[PDB]
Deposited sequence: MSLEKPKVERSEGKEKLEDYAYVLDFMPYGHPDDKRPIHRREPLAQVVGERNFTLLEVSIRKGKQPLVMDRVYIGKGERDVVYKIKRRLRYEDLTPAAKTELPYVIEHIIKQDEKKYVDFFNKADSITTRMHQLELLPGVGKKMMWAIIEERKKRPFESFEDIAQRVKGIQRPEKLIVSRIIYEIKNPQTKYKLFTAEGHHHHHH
């Protein structure tokens, strides 16, 4: 990951930190914009990151993040971070609609289609999506919600899958978190 989005900022770190206050550093939990990697990072002095802020976590000079502390499991996220996760992921995919709308217009597996990997998309829905794809490839999300009748917001479907993968690293297929 080169960039991540802020899920939660803790000026004094975790509330249960057992170390003396002067040794606690400001921390943020973030989600990578490419593979949705969950990370805990320290924040530089004088910075007050906001939820949804995009921060650089690459090898060059970092303006806000100090150090990357460790990769996190879904359970390691703070309550606030968990609440924000779906909203932040949705924000991320909307900033790169091209790549995801591309997923819809989508190889096959066997007796199971990839579209079915999306929570809220079963046999009926997948064929409905495939039937529309034939005519003309989708050019956006709104285009999908308008053409594919009764289909839940495509963004929500994507967010649901990403969250599913983040929670289940052992799942056999990693569509967006590989």
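Enquirer: Which parts of the deposited chain sequence are absent from the coordinates, listed in sequence order?
Expert: Unmodelled stretches: 1 to 17, 123 to 124, 198 to 205.
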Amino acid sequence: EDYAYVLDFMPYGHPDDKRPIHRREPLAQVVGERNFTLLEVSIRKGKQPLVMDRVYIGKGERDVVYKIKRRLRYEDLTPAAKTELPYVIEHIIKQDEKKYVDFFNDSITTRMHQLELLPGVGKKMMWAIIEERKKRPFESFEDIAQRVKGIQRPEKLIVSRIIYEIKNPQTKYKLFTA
From here on, numbers count along this sequence of modelled residues.
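Enquirer: Mean CA temperature factor from the deposited coordinates, higher in 49 to 57 or in 112 to 120?
Expert: Stretch with the greater average CA B-factor: 112 to 120.
Enquirer: Mean CA B-factor: is it higher for 64 to 72 or for 140 to 148?
Expert: Comparing 64 to 72 with 140 to 148, the higher average CA B-factor belongs to 140 to 148.
Enquirer: Taking only the Cα B-factors deposited for this chain, tell me whether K98 sits in the lowest, middle or highest third.
Expert: Highest third - that is where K98 ends up once the chain's C-alpha B-factors are sorted.
Enquirer: Considering only modelled residues of the same chain, in which third does the CA B-factor of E90 rank: lowest, middle or highest?
Expert: Middle third by C-alpha B-factor.
Enquirer: In terms of the CA temperature factor given in the entry, to which third of its chain does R34 belong: lowest, middle or highest?
Expert: Its C-alpha B-factor belongs to the middle third of this chain's values.
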